[PDB]
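Peer 1: quick one: experimental structure and sequence below.
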Amino acid sequence: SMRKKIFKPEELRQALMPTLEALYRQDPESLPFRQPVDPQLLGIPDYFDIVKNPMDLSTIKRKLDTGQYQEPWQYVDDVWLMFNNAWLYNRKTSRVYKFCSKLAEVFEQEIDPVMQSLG
Ligand SMILES: CCOc1ccc(C(C)=O)cc1Nc1cc(C(=O)OC)cc(C(=O)OC)c1
């Protein structure tokens, strides 16, 4: 333990992929988040005028799958970035905003004990 703590990609995937899978299993709530927002195809062309750092579940999954995170908190940051983009762009009356609120509740439930045990 008198060593710099390193999280190998496989350790991050084993600990963190279950928390991402818990989001994917929310149907329909994860549906708006499973792929990058395409503003033209979705009919929301000003999206990138508001959301400067887009994020979605498939991008997070690819980063875990390819070892692009060095520390667990970087994964957690990307999940919150995805949620905060949706709460910034969508109105409280919209289904996407309500779905985002549900996903964030699920994430908070799953992530806290996982981060505690990761150390
Ligand atoms: C039409 C407005 O779409 C959006 C608006 C905003 C955002 C964000 C992340 O700020 C994302 C979407 N995209 C999206 C929405 C829904 C949906 O409302 O399902 C009930 C389903 C899918 C999908 O591919 O389901 C397979 C994709």
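Peer 2: The structure has been received and is ready for your questions. Residues are numbered from 1 along each chain as shown.

Peer 1: okay, buried residues for whichever strand or helix holds residue 14 please.
Peer 2: If you go by DSSP states H and E, residue 14 is part of helix 9-24. Within helix 9-24, the residues that count as buried by 16 or more other CB atoms under 10 Å are 12, 13, 15, 16, 19, 20, 22, 23. Quick note: C-beta positions are derived from backbone N, CA and C, even for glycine.

Peer 1: format those as a markdown table; extra columns: distance to the ligand.
Peer 2: Putting those into a markdown table (distance: CB to the nearest ligand atom, whole Å) gives the following:
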| residue | distance to the ligand |
| --- | --- |
| 12 | 24 |
| 13 | 24 |
| 15 | 25 |
| 16 | 21 |
| 19 | 19 |
| 20 | 16 |
| 22 | 18 |
| 23 | 13 |
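
Peer 1: contacts for whatever helix or strand residue 112 lives in, please.
Peer 2: In the assignment (DSSP H and E), residue 112 maps to helix 95-118. For helix 95-118, the external contacting residues (CB atoms under 8 Å, 6 or more residues apart in numbering) are 7, 15-16, 18-19, 22-23, 26, 28-33, 72-73, 76, 79, 83, 86-87, 90-92.
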